[PDB]
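Asker: The structure file data12.pdb (PDB, N, CA and C atoms) is provided below.
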ATOM      1  N   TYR U   1      99.499  69.139 103.384  1.00  0.00           N
ATOM      2  CA  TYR U   1      98.509  70.192 103.181  1.00  0.00           C
ATOM      3  C   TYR U   1      97.848  70.582 104.482  1.00  0.00           C
ATOM      4  N   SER U   2      97.525  69.589 105.287  1.00  0.00           N
ATOM      5  CA  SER U   2      96.769  69.809 106.519  1.00  0.00           C
ATOM      6  C   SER U   2      95.338  70.180 106.198  1.00  0.00           C
ATOM      7  N   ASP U   3      94.403  69.423 106.732  1.00  0.00           N
ATOM      8  CA  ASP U   3      92.965  69.529 106.458  1.00  0.00           C
ATOM      9  C   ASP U   3      92.421  70.893 106.115  1.00  0.00           C
ATOM     10  N   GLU U   4      92.732  71.915 106.886  1.00  0.00           N
ATOM     11  CA  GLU U   4      92.088  73.225 106.772  1.00  0.00           C
ATOM     12  C   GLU U   4      92.433  73.937 105.486  1.00  0.00           C
ATOM     13  N   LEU U   5      93.696  73.879 105.108  1.00  0.00           N
ATOM     14  CA  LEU U   5      94.190  74.623 103.952  1.00  0.00           C
ATOM     15  C   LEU U   5      93.520  74.157 102.682  1.00  0.00           C
ATOM     16  N   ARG U   6      93.185  72.880 102.634  1.00  0.00           N
ATOM     17  CA  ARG U   6      92.520  72.299 101.471  1.00  0.00           C
ATOM     18  C   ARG U   6      91.117  72.838 101.320  1.00  0.00           C
ATOM     19  N   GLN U   7      90.406  72.909 102.430  1.00  0.00           N
ATOM     20  CA  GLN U   7      89.040  73.424 102.449  1.00  0.00           C
ATOM     21  C   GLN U   7      88.995  74.872 102.024  1.00  0.00           C
ATOM     22  N   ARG U   8      90.080  75.584 102.264  1.00  0.00           N
ATOM     23  CA  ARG U   8      90.206  76.981 101.855  1.00  0.00           C
ATOM     24  C   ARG U   8      90.227  77.103 100.351  1.00  0.00           C
ATOM     25  N   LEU U   9      90.954  76.201  99.713  1.00  0.00           N
ATOM     26  CA  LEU U   9      91.006  76.137  98.256  1.00  0.00           C
ATOM     27  C   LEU U   9      89.647  75.822  97.679  1.00  0.00           C
ATOM     28  N   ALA U  10      88.848  75.097  98.439  1.00  0.00           N
ATOM     29  CA  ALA U  10      87.485  74.761  98.037  1.00  0.00           C
ATOM     30  C   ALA U  10      86.595  75.982  98.046  1.00  0.00           C
ATOM     31  N   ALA U  11      86.897  76.917  98.927  1.00  0.00           N
ATOM     32  CA  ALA U  11      86.100  78.132  99.078  1.00  0.00           C
ATOM     33  C   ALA U  11      86.261  79.045  97.885  1.00  0.00           C
ATOM     34  N   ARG U  12      87.416  78.980  97.252  1.00  0.00           N
ATOM     35  CA  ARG U  12      87.668  79.729  96.023  1.00  0.00           C
ATOM     36  C   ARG U  12      86.891  79.134  94.869  1.00  0.00           C
ATOM     37  N   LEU U  13      87.040  77.832  94.699  1.00  0.00           N
ATOM     38  CA  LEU U  13      86.273  77.087  93.704  1.00  0.00           C
ATOM     39  C   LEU U  13      84.800  77.409  93.791  1.00  0.00           C
ATOM     40  N   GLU U  14      84.326  77.640  95.001  1.00  0.00           N
ATOM     41  CA  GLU U  14      82.905  77.853  95.257  1.00  0.00           C
ATOM     42  C   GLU U  14      82.429  79.134  94.615  1.00  0.00           C
ATOM     43  N   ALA U  15      83.246  80.167  94.728  1.00  0.00           N
ATOM     44  CA  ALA U  15      82.905  81.487  94.205  1.00  0.00           C
ATOM     45  C   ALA U  15      82.808  81.460  92.698  1.00  0.00           C
ATOM     46  N   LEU U  16      83.653  80.654  92.081  1.00  0.00           N
ATOM     47  CA  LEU U  16      83.757  80.600  90.625  1.00  0.00           C
ATOM     48  C   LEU U  16      82.619  79.820  90.011  1.00  0.00           C
ATOM     49  N   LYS U  17      82.123  78.833  90.732  1.00  0.00           N
ATOM     50  CA  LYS U  17      81.106  77.921  90.213  1.00  0.00           C
ATOM     51  C   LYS U  17      79.703  78.477  90.319  1.00  0.00           C
ATOM     52  N   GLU U  18      79.539  79.590  91.006  1.00  0.00           N
ATOM     53  CA  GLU U  18      78.255  80.285  91.083  1.00  0.00           C
ATOM     54  C   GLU U  18      77.570  80.361  89.739  1.00  0.00           C
ATOM     55  N   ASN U  19      77.963  81.321  88.923  1.00  0.00           N
ATOM     56  CA  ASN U  19      77.408  81.465  87.580  1.00  0.00           C
ATOM     57  C   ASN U  19      77.605  80.202  86.776  1.00  0.00           C
ATOM     58  N   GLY U  20      78.828  79.981  86.331  1.00  0.00           N
ATOM     59  CA  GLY U  20      79.144  78.849  85.465  1.00  0.00           C
ATOM     60  C   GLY U  20      80.293  78.044  86.023  1.00  0.00           C
TER      61      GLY U  20
END
Could I get this file's structure written as structure tokens?
Answerer:
Amino acid sequence: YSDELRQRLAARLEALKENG
């Protein structure tokens, strides 16, 4: 995966968890 690419996937999760 390499460190950076994983954190990118986290950034998506972040947007979704805002509301609910």
Asker: Please indicate the distance in Å from atom C of residue U:5 to atom N of residue U:17, rounded to one decimal place.
Answerer: 17.2 Å
Asker: Tell me, in Å to one decimal, how far atom C of residue U:4 is from atom CA of residue U:20.
Answerer: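 If I compute the distance from atom C of residue U:4 to atom CA of residue U:20, I get 24.5 Å.
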Asker: Let me know the centre plus edge lengths, in Å and rounded to one decimal, of a box with edges along x, y and z that contains all listed atoms of chain U and is padded by 6 Å on every side, as JSON.
Answerer:
{"center_x": 88.5, "center_y": 75.3, "center_z": 96.2, "size_x": 34.1, "size_y": 24.3, "size_z": 33.4}
Asker: Would you please give, as a ChimeraX atom specification, all residues of chain U that DSSP assigns to alpha helix (DSSP H) based on the backbone?
Answerer: /U:3-17
Asker: For a test of reading the model, state the distance in Å between atom N of residue U:2 and atom N of residue U:15, rounded to one decimal.
Answerer: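 We find that atom N of residue U:2 and atom N of residue U:15 lie 20.7 Å from each other.
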